[PDB]
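Undergrad: sequence and experimental coordinates follow.
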Amino acid sequence: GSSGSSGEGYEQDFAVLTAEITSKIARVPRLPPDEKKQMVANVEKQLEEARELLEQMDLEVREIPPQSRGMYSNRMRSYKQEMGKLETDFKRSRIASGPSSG
């Protein structure tokens, strides 16, 4: 026998997600109608998947002490900002019907 798994962390994951997402979001307007359709959906998942994070992270940072909360807070604000934006830039990318200059 030889199996197991134990890895903690949220920001990291999320960060990766948001990133991987943002990128894909920037690719949405640069993807075909064959990969876009799915992509526009693939982001919908990675998004919601990160949505819960902000919830868990916030639902956690709460219990966190004022001696550790450090950074987490300054970040919490950042994430949210981005996250919410991701929900926008995402739709502002799938609304691209080609090159769409401007």
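TA: Perfect, I can see it now. Numbering: from 1, shown residues only.
Undergrad: make it CA atoms for all contacts and neighbour counts henceforth
TA: OK.
Undergrad: so how far is residue 101 from the residue positioned nearest the centre of the chain?
TA: Centrality entry for the chain: nearest residue to the mean C-alpha point is residue 18, 2.7 Å, by C-alpha atoms, centre = their mean. Distance, residue 18 to residue 101, using C-alpha to C-alpha, to the nearest Å: 25 Å.
Undergrad: equivalent analysis for residue 36, please.
TA: 19 Å.
Undergrad: in terms of neighbours, single out the busier of these two.
TA: Neighbours per residue, other C-alpha atoms under 10 Å: of residue 36 and residue 101, the larger number sits with residue 36, 18 against 5.
Undergrad: thought the more buried one was touching residue 28?
TA: Yes: in this structure residue 36 lies within contact range of residue 28 using C-alpha atoms under 8 Å: 5.6 Å.
Undergrad: buried residues, the helix or strand hosting residue 56. List them.
TA: Taking DSSP states H and E as the definition, residue 56 sits inside helix 36-61. Using 16 or more other C-alpha atoms under 10 Å as the test for burial, helix 36-61 gives 36, 39-40, 43, 47, 50-51, 53-54, 57, 61.
Undergrad: gap between it and the chain center?
TA: Between the centre of helix 36-61 and the centre of its chain there are 5 Å (C-alpha atoms, centre = their mean, to the nearest Å).
Undergrad: now do stretch 68-86
TA: The chain centroid and the centroid of stretch 68-86 are separated by 12 Å under C-alpha atoms, centre = their mean.
Undergrad: pull out the buried positions in it.
TA: Of the residues in stretch 68-86, 69, 72, 76, 79, 82-83, 86 count as buried by neighbour count, 16+ other C-alpha under 10 Å.
Undergrad: distance to residue 1 and secondary structure for those residues - can I get that in a markdown table?
TA: Listed next are the buried residues of stretch 68-86 as a markdown table, based on distance: C-alpha to C-alpha, whole Å; DSSP: H, G, I helix; E, B strand; the rest coil:
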| residue | distance to residue 1 | secondary structure |
| --- | --- | --- |
| 69 | 40 | helix |
| 72 | 39 | helix |
| 76 | 41 | helix |
| 79 | 40 | helix |
| 82 | 43 | helix |
| 83 | 41 | helix |
| 86 | 43 | helix |
